[PDB]
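Reviewing the structure listed below.
Within every chain, numbering begins at 1; the chains are lettered A, B, ... in the order of the sequence lines, protein sequences first and strands thereafter.
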Amino acid sequence: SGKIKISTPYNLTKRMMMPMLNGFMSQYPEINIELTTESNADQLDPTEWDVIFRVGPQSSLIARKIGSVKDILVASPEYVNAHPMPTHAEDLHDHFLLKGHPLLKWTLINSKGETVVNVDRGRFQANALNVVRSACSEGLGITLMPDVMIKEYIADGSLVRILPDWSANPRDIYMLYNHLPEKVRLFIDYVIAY
Amino acid sequence: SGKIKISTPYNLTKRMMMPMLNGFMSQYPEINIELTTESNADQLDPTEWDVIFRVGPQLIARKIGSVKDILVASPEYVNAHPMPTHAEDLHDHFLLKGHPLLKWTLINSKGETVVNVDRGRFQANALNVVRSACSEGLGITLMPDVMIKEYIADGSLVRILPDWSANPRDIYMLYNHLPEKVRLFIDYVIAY
């Protein structure tokens, strides 16, 4: 009762959650927040958390869509100017690939509906996407990255979208909960009105 | 030239290990790296890794750096409260704590220890989100100085209680008693 216990998706927490959480704590200094970045919330016990933030639908919980994310393929211009870029999703077998959990398996769908799966062993493989982006920035190959994690790179041009007819299918980010304590109710109200 | 499987500390991988790993991969494009950021090196069986990067001492060890956790706050927060002159005044301030620094064992230049285990305003299992809340002026945090070299350089984060700190600990590269690709990596890391 002395805190709010929340769970957020692993790679996406800092970009899509922290501005909201900072603005809430700023407005409510009396409220304490306990945050746990989670790699997969499918094995979560909802009776142990006040609010759960999750990628993709999940039970008898109040679900609220608050955003979506689409994974795109990117590479640095240095890499693009040093290799012939793939014209089809199958050409990625002949390229340096950088893969990060949970996107070790690339399921890519194009504009006319064809699905192409890549299970190649990456030249760099990590259980976190922020270091994969770091390796993609120094021109080490192509990666599949959530667009929200590389928004400023795409706008600036330090990363370039490659194979632009392809992407993983978008997923929605939900906020779940469930007599409700006041501080938890105030937080849910804050998120809805963000 | 094959696959290398390495383990690095959770919070320190991006700003401390990646420049070196990125340089190694660019130099040996036929060597692949499997990287696992781990929050507890004392949870690993050494025979399952080629190289393990670890904080503090642990079968072959080699020091490659050191780190000390420091207490910092944004200037916005400093300007809005009287900053603590003694380590026990931290009980009067908003605290932001991140794993594995939930328990603050702070020590001064004379070896005296002050422990802080107050509930923070914000608590998390990752320091990168705790730094974000500190930069917004939401309180004082204990943070590895290597993680915030950029903000201390221009005063975006201010060091408070300068005589106090966590106990400085060293960063070790470990390996077993050897493939050609692994020795190249080990030699590259020492020369960095």
Side-chain angles (χ1 to χ4, degrees), chain A residues 126-128 130-131 134, chain B residues 3-24 33-72 87 97-117 123-128 130-131 141-149 152 159 161-179 181-192:
Chain A
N127 58 340
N130 63 344
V131 292
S134 153
Chain B
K3 172 173 77 77
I4 309 187
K5 183 166 174 178
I6 73 176
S7 181
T8 49
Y10 175 43
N11 296 296
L12 309 172
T13 297
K14 202 264 160 281
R15 254 161 81 131
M16 192 171 74
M17 220 69 48
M18 281 311 295
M20 162 202 289
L21 297 190
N22 283 332
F24 176 78
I33 286 183
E34 176 179 335
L35 173 77
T36 319
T37 55
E38 177 64 22
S39 165
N40 201 239
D42 279 308
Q43 291 262 7
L44 312 174
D45 158 30
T47 195
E48 304 179 332
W49 308 90
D50 302 315
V51 179
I52 306 166
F53 291 97
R54 168 209 171 72
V55 294
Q58 177 95 350
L59 201 32
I60 305 291
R62 172 99 193 186
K63 172 154 84 67
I64 68 179
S66 69
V67 70
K68 69 144 72 173
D69 310 307
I70 68 180
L71 310 155
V72 293
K97 285 146 138 195
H99 177 70
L101 305 179
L102 267 38
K103 180 180 162 191
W104 288 3
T105 296
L106 309 150
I107 63 167
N108 66 341
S109 58
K110 259 159 184 50
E112 318 171 46
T113 297
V114 165
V115 182
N116 185 296
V117 287
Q123 293 196 178
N125 62 338
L127 286 167
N128 69 330
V130 178
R131 180 215 62 77
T141 183
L142 182 62
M143 191 77 59
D145 56 356
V146 65
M147 273 181 59
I148 49 163
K149 289 184 72 218
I152 306 276
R159 184 203 185 84
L161 290 163
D163 192 58
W164 292 87
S165 167
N167 197 25
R169 313 221 310 301
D170 297 328
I171 295 132
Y172 290 100
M173 165 179 65
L174 310 191
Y175 54 100
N176 310 272
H177 213 78
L178 211 157
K181 49 176 161 66
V182 184
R183 170 60 62 178
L184 280 162
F185 182 79
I186 292 163
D187 290 341
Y188 183 93
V189 169
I190 297 166
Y192 209 81

Task: Intermediate values then yes/no, side chain to side chain contact (heavy atoms under 4.5 Å, CB included), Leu21(B) and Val131(A) - done: CA-CA 10 Å; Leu21(B) 297 190; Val131(A) 292; over 6 Å; no

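- If you take CD on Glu34(B) and CH2 on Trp49(B), they are separated by 7.0 Å, rounding to the nearest 0.5 Å.
- In this structure, the ring pair (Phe, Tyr, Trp, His ring centres under 6.0 Å) partners of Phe185(B), at least two apart in sequence or on a different chain, are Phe24(B), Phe53(B).
- Looking at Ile152(B) and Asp145(B), their side chains never come closer than 4.5 Å, going by heavy atoms from C-beta outward.
- For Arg183(B), the salt bridge (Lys or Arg N to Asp or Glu O under 4.0 Å) partners are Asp187(B), not counting sequence neighbours.
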Open item on the list: For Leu142(B) and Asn116(B): C-alpha separation, side-chain torsions, deciding distance, then whether side chain to side chain contact (heavy atoms under 4.5 Å, CB included) applies.
Closed with: CA-CA 11 Å; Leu142(B) 182 62; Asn116(B) 185 296; over 6 Å; no

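- With sequence neighbours excluded, no residue forms a side-chain hydrogen bond (donor to acceptor under 3.5 Å, both in side chains) with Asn130(A).
- Listed by chain and number, the residues in a salt bridge (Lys or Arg N to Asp or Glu O under 4.0 Å) with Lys149(B) amount to none (sequence neighbours excluded).
- The side chain to side chain contact (heavy atoms under 4.5 Å, CB included) test applied to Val146(B) returns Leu12(B), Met16(B), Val67(B), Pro144(B), not counting sequence neighbours.
- Partners of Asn167(B) under the side-chain hydrogen bond (donor to acceptor under 3.5 Å, both in side chains) rule, at least two apart in sequence or in another chain, do not exist in this structure.
- Listed by first then second residue, pairs satisfying side-chain hydrogen bond (donor to acceptor under 3.5 Å, both in side chains) with a partner in residues 98-108 of chain B read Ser39(B)-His99(B), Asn108(B)-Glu112(B), not counting sequence neighbours.
- What you find for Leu102(B) and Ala124(B) is that their closest heavy atoms are CD1-O, 3.8 Å.
- Between the NZ atom of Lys5(B) and the OG1 atom of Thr36(B) there is a distance of 6.0 Å, given to the nearest 0.5 Å.
- Looking at heavy atoms from C-beta onward, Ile190(B) lies in side-chain contact with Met173(B) at the 4.5 angstrom threshold.
- In this structure, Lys181(B) and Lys3(B) approach most closely via the heavy-atom pair NZ-O, 3.0 Å.
- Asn22(B) pairs by the side-chain hydrogen bond (donor to acceptor under 3.5 Å, both in side chains) definition with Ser134(A), not counting sequence neighbours.
- Evaluation of the salt bridge (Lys or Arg N to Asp or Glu O under 4.0 Å) rule for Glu38(B) yields no partner, not counting sequence neighbours.
- Within 6.0 Å of atom CG in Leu59(B), 12 or fewer heavy atoms from other residues, nucleotides or ligands are found, so the atom counts as exposed in its surroundings.
- Every side-chain hydrogen bond (donor to acceptor under 3.5 Å, both in side chains) that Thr37(B) has, sequence neighbours left out, goes to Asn127(A).
- The shortest non-hydrogen separation linking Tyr172(B) to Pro57(B) is CE1-N, 3.8 Å.
- Using a distance-only test at 3.5 Å, with no hydrogens or angles considered, no donor-acceptor pair links the side chain of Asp50(B) to the main chain of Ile6(B).
- Annotation: the span from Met20(B) atom CE to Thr8(B) atom OG1 amounts to 11.0 Å, rounded to 0.5 Å.
- Atom CD1 of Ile52(B) sits about 6.0 Å away from atom OG of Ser7(B), to the nearest 0.5 Å.
- Side chain of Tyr10(B) to backbone of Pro100(B): no donor-acceptor contact under 3.5 angstrom is found.
- Between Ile70(B) atom CD1 and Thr141(B) atom OG1 the span is 10.0 Å, to the nearest 0.5 Å.
- For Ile60(B), the side chain to side chain contact (heavy atoms under 4.5 Å, CB included) partners at least two apart in sequence or on another chain are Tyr175(B), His177(B).
- Sorted by first then second residue, the side-chain hydrogen bond (donor to acceptor under 3.5 Å, both in side chains) pairs that include residues 58-71 of chain B, not counting sequence neighbours, are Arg54(B)-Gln58(B).
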- [ ] Verify side chain to side chain contact (heavy atoms under 4.5 Å, CB included) between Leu101(B) and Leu127(B), making sure each step is shown before the conclusion.
- [x] CA-CA 8 Å; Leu101(B) 305 179; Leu127(B) 286 167; 4.2 Å; yes

